[PDB]
Amino acid sequence: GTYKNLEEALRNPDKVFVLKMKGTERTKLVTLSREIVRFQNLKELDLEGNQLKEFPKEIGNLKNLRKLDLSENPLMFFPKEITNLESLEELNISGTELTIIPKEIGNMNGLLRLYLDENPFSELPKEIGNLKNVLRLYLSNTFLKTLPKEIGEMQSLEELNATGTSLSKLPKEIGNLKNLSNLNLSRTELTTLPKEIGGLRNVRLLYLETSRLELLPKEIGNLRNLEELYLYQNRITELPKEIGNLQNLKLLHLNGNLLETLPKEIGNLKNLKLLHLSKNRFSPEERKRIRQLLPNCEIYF
Amino acid sequence: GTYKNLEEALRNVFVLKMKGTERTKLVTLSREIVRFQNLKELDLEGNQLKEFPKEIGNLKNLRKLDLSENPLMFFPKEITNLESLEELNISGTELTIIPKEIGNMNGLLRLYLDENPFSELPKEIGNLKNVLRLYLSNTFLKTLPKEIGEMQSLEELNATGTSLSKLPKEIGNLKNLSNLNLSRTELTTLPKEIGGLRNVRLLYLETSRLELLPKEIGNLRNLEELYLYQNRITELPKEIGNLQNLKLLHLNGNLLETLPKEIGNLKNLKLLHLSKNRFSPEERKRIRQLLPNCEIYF
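As structure tokens, this is what we get:
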């Protein structure tokens, strides 16, 4: 490990430091010193909170760099100096004002965790699918109008986060993400899910709460690996009959929807441990039926 | 005046009515309401009211009725026959639809439909030509109806928290509109017919998704305060210099890179917010130089 380098941390006794600095309130750090290539084995480099407005060209020749964090830095444009790191495991460019994601972001292709969250960009490039080794992509609280057609080309994506985005629709190609485990579309504006949502064979946790969902598609029940489903504070009026096909589902949260009845197939949910149905329009007669259908379940109205 | 009545306040020509607290359930109203005949205000805020009898409708001399925070799942048709109701506050009651017969009232002045889960407003909402203040805050409105411009007397309109993707092209026929609050909405842009809002003094469009401002916004010569902060605005129209009476412009948190040179024509602009915007130091100097009398914040 290493720490913040003042006078390059006592000449960096031998130039083999593996970690790097951070930025606090009283550390300005407008520019980076260009003696960055010397370290030769840096695996982590953190520049959190620093007032960095540009990056030098030497950042790109450090091909031994594995994690780079440029968070909370007032860089108004994405630095293409770092896109030449063909083997970077993590890139965290969050908290930086970005109107556009650079088109050559697919040149990296060795990313594992990509954090584009808290950035004011409208669109993602078609080359976002070139990052076929990425596991976690974060797009939280960004100005995304829609996910691209090529988002299903990730082929190794395990976590996709899109909270706070202006996502009106999901692309029909989203079902090609075979390795997706965590999908987060909370606080979005999805009116409905595409029928191609059933291709997400490996999804365990699906997060759709506090969104403008009116209905659930007939093909959501093809997700036999889904365990937790959060759909609360949405505008859902009914559930499809095939919702009982969720074999492994153990948590369903349906607070604040406009539900008036539930299908009789919900009693086929043998593993459903918890069912939340409060703040929904259920007549007292049907509430007895919901309790009657699932008796092993802890159910809250 | 009056208060909450136990034993119906000692047999009571009594002028006001009750309230709802923690330990007052008050499931239903008794049908002995027609007797009072001198009610001007009637408050039922917070009562766990699930139904109304039809005897409520027989009081044609009642002018204000408040049904706030009552779990009535459907709008009571019993009250729509009160043709001379000055104020209606149906807020806090879970309502999926506003009835099409709300235009039978037509004597409303202030209508508070806010905090209700209704998807659409009926086309008879324009029949209420005497309405002054309509409150639609935090409702599930995808769009205002085409007839919203038929109100003719709407002086204050609030739609905060609504899912308004667009504003109707007929919104410019509201000649008497003074207060427009479209904060926390989802308007990508304003229609060019917004220049018909001749009487608007205060326009609230903050915390929305506005990408642009139309060219006809400068036709609002009576507009004094414009709140557009925390939007997605990338540039301002050249016609922004035509807002002669504008004295407060709030533009925090947008994506602005430059301002039109016509902003110096605003002699009455006293206060300007431009913080959290993409302004280079060269352009900040020009903006301070342009409007000299204005207190400016970057």
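Chains as they are written, first to last, in the entry's author numbering: chain B, 30 to 330; chain A, 30 to 41, 45 to 330.
Note that CB positions come from ideal geometry on N, CA and C, so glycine has one too.
Check: Classification of residue 30 of chain A by the beta-carbon crowding that lies within 10 angstroms, buried from 16 upward; Outcome: exposed
Check: Under 9 Å by beta carbon: chain B residues contacting residue 128 of chain A; Outcome: 266, 287, 310
Check: Test item: CB-CB of residue 265 of chain A and residue 288 of chain A under 8 Å; Outcome: yes
Check: Reduced DSSP category for residue 165 of chain A - H, G, I as helix; E, B as strand; rest coil; Outcome: strand
Check: Start-to-end residues for the alpha helix (DSSP H) that takes in residue 129 of chain A; Outcome: Where residue 129 of chain A is concerned, there is no enclosing alpha helix (DSSP H), given that its DSSP letter is neither H nor E.
Check: Beta-carbon spacing of residue 219 of chain B, residue 183 of chain B below 8 Å; Outcome: no
Check: C-alpha gap between residue 35 of chain A and residue 122 of chain A, whole angstroms; Outcome: 25 Å
Check: For residue 152 of chain A: DSSP bridge partner residues; Outcome: Paired residue(s): none; residue 152 of chain A is not in a bridge.
Check: Where residue 232 of chain A falls, given that 16 or more other Cβ within 10 Å makes a residue buried; Outcome: buried
Check: Selected residue, minimal CA-CA separation from residue 64 of chain B, among B:54, B:52, B:79, B:46; Outcome: B:46
Check: Own chain, CB closer than 7 Å to residue 278 of chain B, minus 5 neighbours either side, in chain order; Outcome: 255, 256, 258, 298, 300, 301
Check: Residue from B:126, B:50, B:116 with nearest C-alpha to residue 137 of chain B; Outcome: B:116
Check: Sequence ranges, alpha helix (DSSP H) only - wholly within the segment 165 to 194 of chain B, length at least 4; Outcome: none
Check: Closer than 8 Å to chain A by CB, residue 11 of chain B; Outcome: Residue 11 of chain B falls outside the range modelled here, since chain B spans only 30 to 330, and no answer is possible.
Check: Sheet register partners of residue 77 of chain B (DSSP bridge); Outcome: Paired residues: none, contrary to the question.
Check: Contact check, residue 196 of chain A vs residue 173 of chain A, beta carbons under 8 Å; Outcome: yes
Check: Contact belief for residue 145 of chain B with residue 129 of chain B at Cβ below 8 Å, rounded distance in angstroms; Outcome: Actually they are not in contact, since the Cβ atoms of residue 145 of chain B and residue 129 of chain B sit about 11 Å apart, beyond 8 Å.
Check: Residue 120 of chain B versus residue 163 of chain B - alpha carbon distance; Outcome: 11 Å
Check: Own chain residues within Cβ distance below 6 Å of residue 124 of chain A, not counting five before or after; Outcome: 100, 101, 147
Check: CB contact flag (residue 208 of chain B, residue 187 of chain B, <8 Å); Outcome: yes
Check: Residue-level contact to chain A via CB, residue 195 of chain B, 8 Å cutoff; Outcome: yes
Check: Cutoff 8 Å: residue 42 of chain A Cβ touching any chain B Cβ; Outcome: Absent here is residue 42 of chain A, because the residues of chain A run from 41 on to 45 with nothing modelled in between.
Check: Runs of beta strand (DSSP E) lying entirely within the segment 243 to 303 of chain B, each at least 3 residues, in chain order; Outcome: 257 to 259, 280 to 282
Check: Host beta strand (DSSP E) of residue 96 of chain B (start-end); Outcome: 96 to 98
Check: Pairwise C-alpha distance: residue 250 of chain B and residue 312 of chain B; Outcome: 26 Å
Check: For residue 309 of chain A, the three-state DSSP class (helix, strand or coil); Outcome: coil
Check: Residue 326 of chain B versus residue 175 of chain B - alpha carbon distance; Outcome: 37 Å
Check: Counted within 10 angstroms of its Cβ, other Cβ atoms place residue 14 of chain A as buried (16 or more) or exposed; Outcome: As displayed, chain A neither begins before 30 nor continues past 330, which places residue 14 of chain A out of reach and without an answer.
Check: Where residue 109 of chain B falls: helix, strand or coil (DSSP); Outcome: helix
Check: Closest Cα partner of residue 89 of chain A within the set A:112, A:245, A:281; Outcome: A:112
Check: Cβ-Cβ distance between residue 240 of chain A and residue 215 of chain A below 8 Å; Outcome: yes
Check: Buried or exposed (CB count within 10 angstroms, at least 16 for buried), residue 84 of chain A; Outcome: buried
Check: Nearest-angstrom Cβ-Cβ length linking residue 306 of chain B and residue 330 of chain B, presumed shorter than 8 Å; Outcome: 5 Å
Check: Selection of the segment 159 to 174 of chain B by Cβ proximity to chain A, strictly under 9 Å; Outcome: 172
Check: Under 8 Å between C-beta atoms of residue 271 of chain B and residue 247 of chain B; Outcome: yes
Check: Neighbourhood of residue 284 of chain A by C-beta, 7 Å cutoff - its chain only, sequence neighbours within 5 removed; Outcome: 261, 262, 305, 307, 308
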